[PDB]
Structures are given as C-alpha cells and as structure tokens.
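Trainee: Attaching a single structure in structure tokens format; questions to follow.
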Amino acid sequence: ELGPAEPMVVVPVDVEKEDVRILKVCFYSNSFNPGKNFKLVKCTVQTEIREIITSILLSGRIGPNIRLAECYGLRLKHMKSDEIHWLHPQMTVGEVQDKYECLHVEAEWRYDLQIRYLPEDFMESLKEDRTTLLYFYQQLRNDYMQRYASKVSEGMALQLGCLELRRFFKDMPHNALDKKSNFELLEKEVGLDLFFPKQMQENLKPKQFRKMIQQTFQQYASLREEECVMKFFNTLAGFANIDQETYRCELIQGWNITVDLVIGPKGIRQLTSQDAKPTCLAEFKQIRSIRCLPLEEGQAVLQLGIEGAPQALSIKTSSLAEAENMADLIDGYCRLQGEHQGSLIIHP
C-alpha cells in the first residue's frame, strides 16, 4: 500500500471506423506543379477545419517557423462549375460533407489550403514571417499565370517570368543562363511555360526569345528572394487588387441600390464607381453579428449587426453561396482583429 502510486485510469480516445475521413488537401509549393501538390489528411467526421489547417501547418510540409497561421483558410472548389465555398474554421468535416459532397461526388471537388484573411498590416507583417510570405506569393503567382499572364503586355510577362527565374533559382550563378547549354536545359528539365505564358514562346523566333530572357535576367540577376517577391507584389498591385476581395451585390434599405463591395483588412468599404478613393462603410471593430438568409429565386441576404447603428445593414447577394463566402471573410477579419473567442455568425 506504500508501493508505487497508481494513476487514475484514462480511457483512451479510439474512433469509429466509419467516422474516419481522409481528405486530399492541395497546397502551393516550389514544385514545377503549383496546384498539383497535395497531402492526404487523416481525420474524423467531427474534426473542425482549424484542426486541419493546423495539422498541415505543423506538418512543416509548407515551410518552417510560421507565425501568421490565422491567415490561412481552406477552400472547397467544384471542378467543372466554379462554384467555390470557403469552409469556415470551426465547422466540422462532417458538416461540410453533408452540406456539399451532397452536391457532386468526391472526385469532382478539391480543397486548397489558402491565405485568405490578410493581416491588418498586410505587407508590413507578411515580411515578418517568411514561409507564409512565400506561400502567399506562390498563390498569387499561380493566379497571375492562370488568369492574367496571357492578358498582360508581352514585355510585362517577360519581366515577371524573369523575376521568377531569379527568384526560383537562388543559388544559381548570376550569369548561368547566357550559356546556350544551360538554357536548352531549362526547357528539357523544367519548361519555360512555368514562367512565361504559352503564347510567348509560340509567338517569337526562339533565338529571339532566349535573347530577351538572357538579358532581362541580368537586370534582376543580383536580387535576393525576399526582394523578388516584394517586387512582384508591388508590380501586381499595379492592375490586380490583392489584399481585398470584391462583391457586386444589391443592398437593401429605404431605396435599394446595387453596389460593389470591397473587403479586406482595412474593413468593408464601398468601391465607388471605379475610384482610387474607396471610403469606408463598416468597421470590423464595429460588427456584432453576421447572418445569412435564403430567398425564393436562389438569392440571399447577408446581414450584419452594427452597434452604433440602430437598423442593421442588409446586403442582398446573388446566391446563398456568395452570401456565406462573404460571411466567412468578414467573420475572418473580425476573428483576426477582435479580441474575442468564436465566430460572430448565427443560425437560430
């Protein structure tokens, strides 16, 4: 009875065979594969999204000393239509699944890990955390390639593809590429269609092409990674707007008016018809309660609650989906900037 001491028994969590779920989660990474790298995630029907994001982040699979983990989100996308749904951090796998794989079977979907909720500082704080910085740079870079790079002036794409070459080949000698040898290699081994758009190669005497790359490089030849990336961001902020997102939506009031909504870290703001000067509509500090209602022509209403406002603010959106994505982004920034636990959304 003075033997050692026996601790209290602990019933070890074990899990139902059919509550197991295995998700395929794609991320960006310095493969010659952008959105074709992925990691299976093992879990339960009742693990919350956070959990998944953290389990990926900690895997160290995407890079090292990570700080702004709250910035990441998880995004489900239907492959044919481009329905996309942002899975809010605290809803469970199970909910997701009977919410939407309801809609098309597993293989027509994809989840991507994605920077979604930008820091209040945006550039200022990204710099503090390399890994993320890069990830977000990759994410954007991907977009650029997929969406913009064919649409922008040739001379411009040339700039950004070199920007990447220097960026991508840290550790390569400042003047490698001039050697026709190493060049031929680049296609054979990696292909330039990763850095420059198709049409480019297919539009230009290839001798010519080479020329403009060999020489455009030397312009960037001397720059570190952080520098490349920063430059690229700056450049892209040119046309694309890249810390905010934009929603065309009516908005319900005395007289109802259709408007373009900008949302990002600086709050939720009216993008007046086109202008540099968007002036502010609602402050995250000020929000109190987000909410979604569906309406009988497939549309729906996001509606915030604003303390200091007597009336609420009721935005009419083109889909229930759109309403909830906006909802997520808002509760996101709220989550990030507010000192308080849990979301602000509601479902009576």
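Trainee: Taking all pairs of distinct Cα atoms, average 1/r, flip it, and tell me the Kirkwood hydrodynamic radius of the chain in Å to one decimal place. Walk me through the numbers on the way to the answer.
Mentor: On the way: mean 1/r = 0.0436 Å⁻¹.
One decimal place: 23.0 Å for the Kirkwood radius.
Trainee: Give the separation of the Cα centroids, the range 115-138 to the range 281-346, in Å.
Mentor: 24
Trainee: How large is the dipole of the chain about the Cα centre if only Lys and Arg carry +1 and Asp and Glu carry -1, each at its Cβ, rounded to the nearest 20 debye? Present the calculation step by step, with values, prior to reporting the outcome.
Mentor: Working: 42 positive and 49 negative charges, 360 e Å.
Magnitude of the dipole: close to 1740 debye.
Trainee: Using the Karplus curve 6.51 cos²θ - 1.76 cosθ + 1.60 with θ = phi - 60°, what ³J(HN,Hα) values do you get for each residue of the range 175-191, in whole Hz, with x for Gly and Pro?
Mentor: Each residue's phi maps through the Karplus curve to give 9, 3, 2, 5, 6, 2, 2, 4, 5, 2, 3, 2, 6, 2, 8, 10, x Hz.
Trainee: Along the range 198-210, what does the Karplus equation 6.51 cos²θ - 1.76 cosθ + 1.60 (θ = phi - 60°) give for ³J(HN,Hα), rounded to whole Hz, x for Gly and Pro?
Mentor: 3, 4, 4, 3, 6, 9, 9, 2, x, 2, 3, 3, 2
Trainee: Along the range 236-251, what does the Karplus equation 6.51 cos²θ - 1.76 cosθ + 1.60 (θ = phi - 60°) give for ³J(HN,Hα), rounded to whole Hz, x for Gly and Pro?
Mentor: For the range 236-251, the Karplus-derived couplings read 6, 4, x, 8, 3, 9, 10, 10, 10, 10, 10, 10, 7, 6, 4, 7 Hz, x marking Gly and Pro.
Trainee: Give me the distance between the Cα centres of the range 1-68 and the range 228-250, rounded to whole Å.
Mentor: Using only Cα atoms to place each centre, the spacing works out to 32 Å.
Trainee: Could you list which residues have their amide H under 5 Å from that of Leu23, counting only those 5 or more apart in sequence or on another chain, with H placed in the peptide plane?
Mentor: Placed amide hydrogens put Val41, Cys43 under 5 Å from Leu23.
Trainee: Given only helices, namely DSSP H runs of n ≥ 4 each adding -39500 (n - 2.57), what is the per-residue ellipticity at 222 nm of the chain, to the nearest 500 deg cm²/dmol?
Mentor: Values: 10 runs with 111 residues, N = 348.
When only DSSP H runs of four or more count, the value is -9500 deg cm²/dmol.
Trainee: Something else about it: Any idea what diffusion coefficient the range 88-130 gets from Stokes-Einstein, in µm²/s, Kirkwood Rh on alpha carbon pairs, 4 °C, 1.567 mPa s? Show your work: numbers first, answer last.
Mentor: Values: Rh = 13.2 Å.
Once the numbers are plugged in, D ends up at 98 µm²/s.
Trainee: Here is a further query. Cα-based Rg (one decimal) and Dmax (whole number) for the range 1-117, in Å?
Mentor: In Å, with Rg to one decimal and Dmax whole: 18.0, 70.
Trainee: Then there is this: Which of the pairs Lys77/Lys99; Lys77/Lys266; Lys127/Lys266 have their Cα atoms more than 24 Å apart in this structure? Show your work: numbers first, answer last.
Mentor: Details: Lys77/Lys99 13 Å; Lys77/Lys266 27 Å; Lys127/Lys266 18 Å.
Correct reply: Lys77/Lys266.
Trainee: Also, quick follow-up: Which residue, chosen from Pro89, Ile115, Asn182, occupies the Cα position most advanced towards the positive end of the dipole of the chain, where the dipole is computed from +1 (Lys, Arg) and -1 (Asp, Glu) charges on Cβ about the Cα centre?
Mentor: Checked the options; the winner is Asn182.
Trainee: Related question: Going by average Cβ density within 10 Å per residue, which order do the peptides 261-271, 180-190 take, highest to lowest? Before the final figure, lay out each step's value.
Mentor: Working: 261-271: 19.6, 180-190: 12.4.
Peptide ranking by packing, descending: 261-271, 180-190.
Trainee: So for the chain, taking the charge dipole from beta-carbon charges (+1 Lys/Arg, -1 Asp/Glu), which of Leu336, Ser314, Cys292 sits furthest toward the positive end?
Mentor: Going by the charge dipole, the pick is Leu336.
Trainee: For the range 218-348, report the convex hull volume of the alpha-carbon atoms normalised per residue, in Å³, without decimals.
Mentor: Working: hull volume 20.2 nm³, N = 131.
Taking the convex hull of the Cα positions in the range 218-348, it is 154 Å³ per residue.
Trainee: Also, quick follow-up: Which is farthest toward the positive dipole end of the chain among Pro206, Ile56, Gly73, measuring Cα position about the Cα centre, with Cβ charges +1 (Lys, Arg) and -1 (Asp, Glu)?
Mentor: Working it through, the farthest residue towards the positive pole turns out to be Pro206.
Trainee: Turning to a different aspect of this structure: Pull up the cross-link candidates among the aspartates and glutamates for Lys36, meaning alpha carbon to alpha carbon under 17 Å and not fewer than 8 places away within one chain.
Mentor: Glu106, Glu108, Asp112, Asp143, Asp193
Trainee: Quick one: length gained pulling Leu204 to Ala221 fully straight, 0.36 nm per residue minus the C-alpha distance? Before the final figure, lay out the partial values.
Mentor: Working: separation 17, 0.36 × 17 = 6.12 nm, distance 2.31 nm.
Here the answer is 3.8 nm.
Trainee: Classify the range 183-294: rounded, prolate or oblate, from the alpha-carbon gyration tensor (a ≥ b ≥ c, eigenvalue square roots; a/c under 1.5 rounded; otherwise prolate if a/b is larger than b/c)? If you can, show how the numbers build up before the last one.
Mentor: Working: a/c = 3.29, a/b = 2.63, b/c = 1.25.
In terms of gyration-tensor shape, prolate.
Every number here is computed from the coordinates shown, using simple stated rules; none is lab data. Positions of Cβ are generated from backbone atoms using ideal geometry, with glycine treated the same way; all protein chains shown enter the neighbour counts.
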